[PDB]
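*Asks:* One structure is given below, represented as structure tokens, and several questions about it will come after.
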Amino acid sequence: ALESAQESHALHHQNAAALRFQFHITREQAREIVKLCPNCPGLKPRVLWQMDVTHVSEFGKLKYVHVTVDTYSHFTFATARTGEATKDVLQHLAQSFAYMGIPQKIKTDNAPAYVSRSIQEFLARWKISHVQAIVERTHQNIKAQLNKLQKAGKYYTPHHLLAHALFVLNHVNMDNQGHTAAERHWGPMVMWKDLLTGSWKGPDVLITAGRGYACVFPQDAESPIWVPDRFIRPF
Amino acid sequence: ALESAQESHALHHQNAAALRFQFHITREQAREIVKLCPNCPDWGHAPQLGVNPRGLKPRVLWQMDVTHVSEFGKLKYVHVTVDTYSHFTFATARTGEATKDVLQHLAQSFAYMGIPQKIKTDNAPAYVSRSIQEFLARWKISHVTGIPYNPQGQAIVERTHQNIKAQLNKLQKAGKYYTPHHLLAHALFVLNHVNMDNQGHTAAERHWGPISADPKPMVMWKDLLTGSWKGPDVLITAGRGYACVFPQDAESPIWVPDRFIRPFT
Amino acid sequence: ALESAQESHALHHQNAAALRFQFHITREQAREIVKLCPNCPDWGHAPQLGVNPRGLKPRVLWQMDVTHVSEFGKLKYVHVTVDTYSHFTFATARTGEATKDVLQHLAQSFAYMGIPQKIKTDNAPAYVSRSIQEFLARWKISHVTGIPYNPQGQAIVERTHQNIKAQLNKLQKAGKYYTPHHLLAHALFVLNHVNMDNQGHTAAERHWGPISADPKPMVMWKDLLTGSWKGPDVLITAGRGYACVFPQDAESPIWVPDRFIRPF
Amino acid sequence: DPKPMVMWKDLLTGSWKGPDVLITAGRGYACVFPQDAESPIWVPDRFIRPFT
Amino acid sequence: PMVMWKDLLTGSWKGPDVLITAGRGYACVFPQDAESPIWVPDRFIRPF
Amino acid sequence: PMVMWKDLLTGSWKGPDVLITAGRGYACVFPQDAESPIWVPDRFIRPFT
DNA sequence: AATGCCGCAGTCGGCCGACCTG
DNA sequence: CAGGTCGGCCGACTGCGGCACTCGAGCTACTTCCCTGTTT
DNA sequence: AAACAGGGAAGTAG
DNA sequence: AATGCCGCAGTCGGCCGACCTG
DNA sequence: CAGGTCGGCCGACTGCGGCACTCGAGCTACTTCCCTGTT
DNA sequence: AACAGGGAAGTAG
Ligand SMILES: [Zn+2]
């Protein structure tokens, strides 16, 4: 079972909690798997976001990367651009809004593009107000994730590898509490007994039950499975 | 007397009603006499038989196909992917058509949505290449090739094409946008976070919020594989032309058209 | 708050439900807001409006058009003449198509069916040629031209084309026939006399003979041209999508789609 | 003929023209259908006389 | 013709005024706003 | 009488335009850019504004 | 200067008489 | 045995749809397979 | 001389 | 190698508060 | 005045058609038009 | 100046 975690970390390089909640692996085993990796060592969502731009030398010409992260949910996004002009920030704003949604107000830096009238009028049209420890932390996180994923040098363009790393951070990199960045950002489970292995697996969402048969719905399984009430356990 | 009607059709190809009123036989006999004649035409007007299956969770079953928005010019090749549960849609105007474009769209959409258990698409040469096959294998995601020349197989993503084209034309008439990517991003934002259903629920929050289900009705069901009305069984989902019955003894849920669903109490 | 919805639609072009459940407005208000934007696309999937008239007496109103039966060879042009009351059909295999050929087909149809009060066809060059116009004037037969590119105004003869094509294909697969005229005559015979209706009445004796006059119902009627439900009145004929209402105060019978007739 | 075919008084010439076949009647008017006429016409019952 | 029409944008009943034409269940009513006529469904039209 | 209509030849929509008269399934619309009014079936008539 | 028509076939559902059973 | 029941029976209604003047050419992408010059 | 690499044609599908 | 779909928009109707009234 | 009625409002329902990889060329046929040739 | 080929032009199928 740990081999699946081996390929999972090789292709994604997630934190230990992610693997432990993905394959039900022991915490110490997850730590050992992470160590085996050679190059891998607000109150309401969508209210206030942070805007800043950071540069990465590996891109060369595409280091000009706008990044948007939430104050509360810490959901992350990035864009590969050739510059930091007004139109670049505008396009990044639009694409980030499509990715994530619309916050109440936005906190930015004092760059000339941020202060320019284009961004001001664009935000005014969208009914959002305009105003770095969190964003610089994410900059470290994304750059670390960029380096971790750079092992498999098969990505054709920086967009591909950037999207994969952002996916890892958003949906694969998962916290201690048992929720991904996506689940936290977007806001009766019954214990189920497997019959292939005879072990109780869950918790899983319940669909319905009747005539001694329970339609227990596994999280990983794509389709419902009908199981007798003898193999169910209230939770 | 019936055989006399038989050579009557063999000579003439009369219709059912004239057979009934000229040979004093029942309507069913005339209909089957018409059916039996080899020269009698084949019925192209078939009622609703096949239903395109849908996943029962977000990130389970996806559909993918290419289209053509000639306005973008060199960015006419638009790849789109719609989740079959929450109707969550995504697209990026990428020039050309090759395995590279499909892989890039896959990565970007994966980041956009998440991991679906399996993906179904059309039989375009890109979707059948080896490289994409081992790509899905290394990502541990099942692939379904689909039936050739059958757009109804991807009817869901074709309706998604309709929605995308409508929204793009609307926002293009609305004003002017810097880059085709900007217009596509705004259209996707509107569709997936603003263009919400009559139930007061956006597609995104359904794709990423808790699934809610009231006690589902117990309805009589007709099975195509036996020709008998067997039930009653729990009905998972229903709509306009799709219904997901699931008996206790069934391995996987059965998807049937709405014409074969009957209320039960 | 409606203004907020106004600029919201102007910026995003949303749907009605989002406006209704975000700005707390009436569903009617949301539909009006989505209607009022000129940049919003016009409704293309419109419901059915307009019904082809059909003379309630046989040999009153006819339809006519051409087709292309490619298997006839040089005789591939088929002229089709069909009644409206009884759907009696006639056809000929005339090589090419000209005013002389159209005139020959007219004479053959007159011999085969009779003299109609008026004929309504497409805007084909033959049917706009003057020669046919003064021929009809000499025979005292009115003419109707129709809107160009609009076969929907000749849907009756189009459906007759469908029927004739199906029958001729069936007969062609049935056996071997000497000449295309012979096969067309056999198909027309089948369609006119043998291919009987669903009410025990062959098309031939529907074309001629006594009119069936059942006690007509007293139904309620919606006036399309005034937007008011006015009635009840007399329902002359009915079928799949078409109806005929002839109120006392109206000079001529009215052709409306069936959905606007609500039984009383 | 199972249906009656009644005499009709035309109003254009004020002369009894017909007789013609009747379709329906009511409210003092009758849906009398002249054979030559292409469409039915509404005529007051005072101007319609039974014919046999 | 003097008729009643519903200001369905505001939900109220404004009028009376002239009615121009009809068709498609729509009455091209002309209010006191002489700028341009408007269109309203016949269901929200009342003769007066 | 400000009316949206469809050019039935190509299907591309031209308008808005002015309505001269209409009745019983047909509409007679006379756009300013055309020298003669256009008769159109009432299937392609929309009430612009 | 004039408008979507309708056959092929499935399908509901009442009607009716042979037949089960009170 | 007659009231109740199921079946034979058909009026009655509906979903799909091509009739429109006829037709193609050509695109790009991928794989399999065969052909001709290159290597040991 | 047997092996091998573009190169091409061809077939299928959108 | 694994099956038509649904948004736009009109329309029916049940719900319910205001208004008519025995 | 609360029973009686009416209008506002929305769940529920439904006819339609085009998303399908892209658009076009071409022939027949009568009439209106004036060039090129002849009164 | 004139009309009568006639080729074009336009238009609908
Ligand atoms: Zn790692």
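Just remember, in the structure tokens the first chain shown is A, the second B, etc., residues are 1-based per chain, and ligands are 1-based in the order shown.
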Would you list the residues that come within 9 Å of ligand 1? Count only C-alpha atoms (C1' of nucleotides) and all ligand atoms and give the answer as a ChimeraX atom specification.

*Replies:* /A:9-15,33-41,145,148-149

*Asks:* Which of range 64-177 of chain C end up as strand (DSSP E) when DSSP is run on this backbone - answer as a list in words?

*Replies:*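 Filtering range 64-177 of chain C to strand (DSSP E) leaves residues 64, 65, 66, 78, 79, 80, 81, 82, 83, 89, 90, 91, 92, 93, 118, 119, 120, 121, 142, 143 and 144 of chain C.
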
*Asks:* Give me, as number ranges by chain, all polymer residues having an atom no more than 7 Å from residue 66 in chain B, counting only C-alpha atoms (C1' of nucleotides) and skipping those fewer than 3 positions away in the same chain.

*Replies:* B: 77-80

*Asks:* Specify as a PyMOL selection string all residues of chain I found within 9 Å of chain B, counting only C-alpha atoms (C1' of nucleotides).

*Replies:* chain I and resi 12-14

*Asks:* Take the residues from that selection and write them out as a PDB file, in the first residue's frame, keeping N, CA, C and O atoms (P, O5', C5', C4', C3', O3' and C1' of nucleotides).

*Replies:*
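Wrote again_22.pdb, looks like this:
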ATOM      1  P    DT I  12     -10.714   2.390 -43.202  1.00  0.00           P
ATOM      2  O5'  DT I  12     -10.672   3.290 -41.883  1.00  0.00           O
ATOM      3  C5'  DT I  12      -9.967   2.832 -40.740  1.00  0.00           C
ATOM      4  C4'  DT I  12     -10.069   3.836 -39.609  1.00  0.00           C
ATOM      5  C3'  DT I  12     -11.446   4.485 -39.451  1.00  0.00           C
ATOM      6  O3'  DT I  12     -11.887   4.360 -38.110  1.00  0.00           O
ATOM      7  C1'  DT I  12      -9.743   6.138 -39.509  1.00  0.00           C
ATOM      8  P    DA I  13     -13.399   4.739 -37.722  1.00  0.00           P
ATOM      9  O5'  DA I  13     -13.267   6.192 -37.074  1.00  0.00           O
ATOM     10  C5'  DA I  13     -12.403   6.390 -35.968  1.00  0.00           C
ATOM     11  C4'  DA I  13     -12.272   7.863 -35.643  1.00  0.00           C
ATOM     12  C3'  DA I  13     -13.581   8.655 -35.690  1.00  0.00           C
ATOM     13  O3'  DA I  13     -13.699   9.448 -34.523  1.00  0.00           O
ATOM     14  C1'  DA I  13     -11.932   9.721 -36.998  1.00  0.00           C
ATOM     15  P    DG I  14     -15.105  10.115 -34.133  1.00  0.00           P
ATOM     16  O5'  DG I  14     -14.806  11.683 -34.196  1.00  0.00           O
ATOM     17  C5'  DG I  14     -13.477  12.136 -34.410  1.00  0.00           C
ATOM     18  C4'  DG I  14     -13.295  13.552 -33.900  1.00  0.00           C
ATOM     19  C3'  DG I  14     -14.569  14.364 -33.803  1.00  0.00           C
ATOM     20  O3'  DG I  14     -14.376  15.464 -32.926  1.00  0.00           O
ATOM     21  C1'  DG I  14     -13.311  15.002 -35.725  1.00  0.00           C
TER      22       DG I  14
END

*Asks:* List as a PyMOL selection string the protein and nucleic acid residues near residue 1 in chain G, meaning an atom at most 9 Å away when only C-alpha atoms (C1' of nucleotides) are counted, but skip any in the same chain fewer than 5 places from it.

*Replies:* (chain C and resi 144-147) or (chain F and resi 39)

*Asks:* May I have the residues from that selection written out with N, CA and C atoms, as a PDB file, in the first residue's frame?

*Replies:*
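Written file, again24.pdb:
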ATOM      1  N   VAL C 144     -51.404  32.345 -55.541  1.00  0.00           N
ATOM      2  CA  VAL C 144     -50.708  32.858 -54.366  1.00  0.00           C
ATOM      3  C   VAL C 144     -49.229  32.535 -54.520  1.00  0.00           C
ATOM      4  N   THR C 145     -48.371  33.492 -54.166  1.00  0.00           N
ATOM      5  CA  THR C 145     -46.952  33.371 -54.478  1.00  0.00           C
ATOM      6  C   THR C 145     -46.109  32.878 -53.305  1.00  0.00           C
ATOM      7  N   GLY C 146     -46.447  33.255 -52.074  1.00  0.00           N
ATOM      8  CA  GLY C 146     -45.684  32.837 -50.917  1.00  0.00           C
ATOM      9  C   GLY C 146     -44.410  33.645 -50.730  1.00  0.00           C
ATOM     10  N   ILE C 147     -43.774  33.429 -49.582  1.00  0.00           N
ATOM     11  CA  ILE C 147     -42.543  34.132 -49.226  1.00  0.00           C
ATOM     12  C   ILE C 147     -41.342  33.323 -49.700  1.00  0.00           C
TER      13      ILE C 147
ATOM     14  N   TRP F  39     -41.830  40.866 -46.217  1.00  0.00           N
ATOM     15  CA  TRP F  39     -42.853  40.024 -45.613  1.00  0.00           C
ATOM     16  C   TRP F  39     -42.176  38.804 -44.998  1.00  0.00           C
TER      17      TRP F  39
END

*Asks:* When you get a sec, could you note down which chain K residues fall within 12 Å of chain B, using only C-alpha atoms (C1' of nucleotides), as number ranges by chain?

*Replies:* K: 10-14, 17-23

*Asks:* For residue 261 in chain B, list every protein, DNA or RNA residue within 12 Å, evaluated using only C-alpha atoms (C1' of nucleotides), and leave out those in the same chain fewer than 6 positions away; present the list as a ChimeraX atom specification.

*Replies:* /B:217-224,229-235,237-245,255

*Asks:* Export, as a compact mmCIF listing (two decimals), in the first residue's frame, the selected residues with N, CA, C and O atoms.

*Replies:*
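This is the output file result33.txt:
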# COMPACT_ATOMS: atom_id res chain seq x y z
N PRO B 217 -37.56 9.18 -3.51
CA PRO B 217 -38.83 8.46 -3.69
C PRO B 217 -38.62 7.03 -4.14
O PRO B 217 -37.62 6.68 -4.78
N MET B 218 -39.59 6.19 -3.80
CA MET B 218 -39.63 4.79 -4.23
C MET B 218 -40.57 4.71 -5.43
O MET B 218 -41.78 4.90 -5.28
N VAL B 219 -40.01 4.43 -6.60
CA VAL B 219 -40.75 4.50 -7.86
C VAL B 219 -40.63 3.18 -8.60
O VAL B 219 -39.58 2.52 -8.55
N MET B 220 -41.70 2.79 -9.28
CA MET B 220 -41.67 1.61 -10.13
C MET B 220 -40.72 1.85 -11.30
O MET B 220 -40.59 2.97 -11.80
N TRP B 221 -40.06 0.79 -11.75
CA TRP B 221 -39.04 0.89 -12.78
C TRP B 221 -39.24 -0.18 -13.83
O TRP B 221 -39.63 -1.31 -13.52
N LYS B 222 -38.99 0.18 -15.09
CA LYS B 222 -39.05 -0.74 -16.21
C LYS B 222 -37.64 -1.05 -16.68
O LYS B 222 -36.84 -0.13 -16.91
N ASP B 223 -37.33 -2.33 -16.82
CA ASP B 223 -36.00 -2.78 -17.22
C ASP B 223 -36.01 -3.13 -18.70
O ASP B 223 -36.92 -3.82 -19.18
N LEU B 224 -34.99 -2.66 -19.43
CA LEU B 224 -34.90 -2.94 -20.85
C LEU B 224 -34.40 -4.35 -21.14
O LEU B 224 -34.73 -4.91 -22.18
N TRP B 229 -41.68 -4.97 -15.87
CA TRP B 229 -41.67 -3.88 -14.90
C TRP B 229 -41.29 -4.44 -13.54
O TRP B 229 -42.13 -5.00 -12.83
N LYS B 230 -40.02 -4.29 -13.16
CA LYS B 230 -39.50 -4.83 -11.92
C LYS B 230 -39.21 -3.70 -10.94
O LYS B 230 -38.60 -2.69 -11.31
N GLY B 231 -39.64 -3.88 -9.70
CA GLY B 231 -39.45 -2.88 -8.67
C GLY B 231 -40.33 -3.15 -7.47
O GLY B 231 -40.82 -4.26 -7.26
N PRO B 232 -40.55 -2.11 -6.64
CA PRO B 232 -39.98 -0.78 -6.81
C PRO B 232 -38.53 -0.69 -6.34
O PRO B 232 -38.08 -1.53 -5.56
N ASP B 233 -37.81 0.33 -6.80
CA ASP B 233 -36.41 0.51 -6.46
C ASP B 233 -36.13 1.98 -6.20
O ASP B 233 -36.88 2.86 -6.64
N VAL B 234 -35.05 2.24 -5.47
CA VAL B 234 -34.71 3.61 -5.10
C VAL B 234 -34.25 4.37 -6.33
O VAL B 234 -33.43 3.88 -7.12
N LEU B 235 -34.77 5.58 -6.50
CA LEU B 235 -34.40 6.46 -7.60
C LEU B 235 -33.39 7.48 -7.09
O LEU B 235 -33.69 8.25 -6.17
N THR B 237 -31.35 9.95 -9.07
CA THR B 237 -31.47 11.27 -9.68
C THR B 237 -32.44 11.19 -10.86
O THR B 237 -32.68 10.13 -11.43
N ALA B 238 -32.99 12.35 -11.21
CA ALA B 238 -33.93 12.45 -12.32
C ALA B 238 -33.88 13.86 -12.88
O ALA B 238 -33.36 14.79 -12.26
N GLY B 239 -34.42 14.01 -14.09
CA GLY B 239 -34.42 15.29 -14.76
C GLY B 239 -35.18 15.28 -16.07
O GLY B 239 -36.29 14.74 -16.14
N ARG B 240 -34.60 15.87 -17.10
CA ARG B 240 -35.21 15.91 -18.43
C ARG B 240 -34.50 14.88 -19.31
O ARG B 240 -33.50 15.19 -19.97
N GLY B 241 -35.01 13.66 -19.31
CA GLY B 241 -34.48 12.61 -20.15
C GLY B 241 -33.46 11.69 -19.50
O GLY B 241 -32.79 10.95 -20.21
N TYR B 242 -33.33 11.72 -18.17
CA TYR B 242 -32.37 10.87 -17.49
C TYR B 242 -32.91 10.49 -16.12
O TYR B 242 -33.51 11.32 -15.43
N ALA B 243 -32.69 9.23 -15.74
CA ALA B 243 -33.11 8.73 -14.44
C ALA B 243 -32.17 7.60 -14.04
O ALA B 243 -31.81 6.76 -14.87
N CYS B 244 -31.79 7.57 -12.76
CA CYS B 244 -30.80 6.62 -12.25
C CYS B 244 -31.47 5.75 -11.18
O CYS B 244 -31.43 6.07 -9.99
N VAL B 245 -32.06 4.66 -11.62
CA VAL B 245 -32.61 3.66 -10.71
C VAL B 245 -31.46 2.79 -10.22
O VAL B 245 -30.43 2.66 -10.90
N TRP B 255 -28.92 3.39 -15.54
CA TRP B 255 -29.40 4.64 -16.09
C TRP B 255 -30.40 4.36 -17.20
O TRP B 255 -30.09 3.62 -18.14

*Asks:* I'd like the contact shell of residue 15 in chain G - 12 Å cut-off, only C-alpha atoms (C1' of nucleotides), skipping same-chain residues fewer than 5 positions apart - returned as a PyMOL selection string.

*Replies:* chain H and resi 7-11

*Asks:* Residues of chain H within 6 Å of chain B, counting only C-alpha atoms (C1' of nucleotides), what are they? List them as number ranges by chain.

*Replies:* H: 15-16, 29-30

*Asks:* Can you pull out the residues contacting residue 5 in chain K? Cut-off 12 Å, using only C-alpha atoms (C1' of nucleotides), and skip same-chain residues under 4 positions away; I want them as number ranges by chain.

*Replies:* J: 16-21

*Asks:* Which residue out of C:139, C:23, C:88, C:149 has the minimum interatomic distance to residue 11 in chain L when only C-alpha atoms (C1' of nucleotides) are used?

*Replies:*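 Using only C-alpha atoms (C1' of nucleotides), the shortest distance to residue 11 in chain L belongs to C:149.
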
*Asks:* Got a sec to pull out which chain G residues are within 12 Å of chain F, counting only C-alpha atoms (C1' of nucleotides), and send them as a ChimeraX atom specification?

*Replies:* /G:1-4

*Asks:* For chain D, work out the contacting residues on chain C at 7 Å, counting only C-alpha atoms, and write them as an mmCIF file with C-alpha atoms, in the first residue's frame.

*Replies:*
data_model
loop_
_atom_site.group_PDB
_atom_site.id
_atom_site.type_symbol
_atom_site.label_atom_id
_atom_site.label_comp_id
_atom_site.auth_asym_id
_atom_site.auth_seq_id
_atom_site.Cartn_x
_atom_site.Cartn_y
_atom_site.Cartn_z
ATOM 1 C CA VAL C 60 -60.832 24.796 -53.233
ATOM 2 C CA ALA C 213 -70.686 17.302 -41.006
ATOM 3 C CA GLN C 248 -70.181 35.269 -36.696
ATOM 4 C CA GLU C 251 -66.126 37.591 -42.535
ATOM 5 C CA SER C 252 -63.730 34.705 -43.269
#
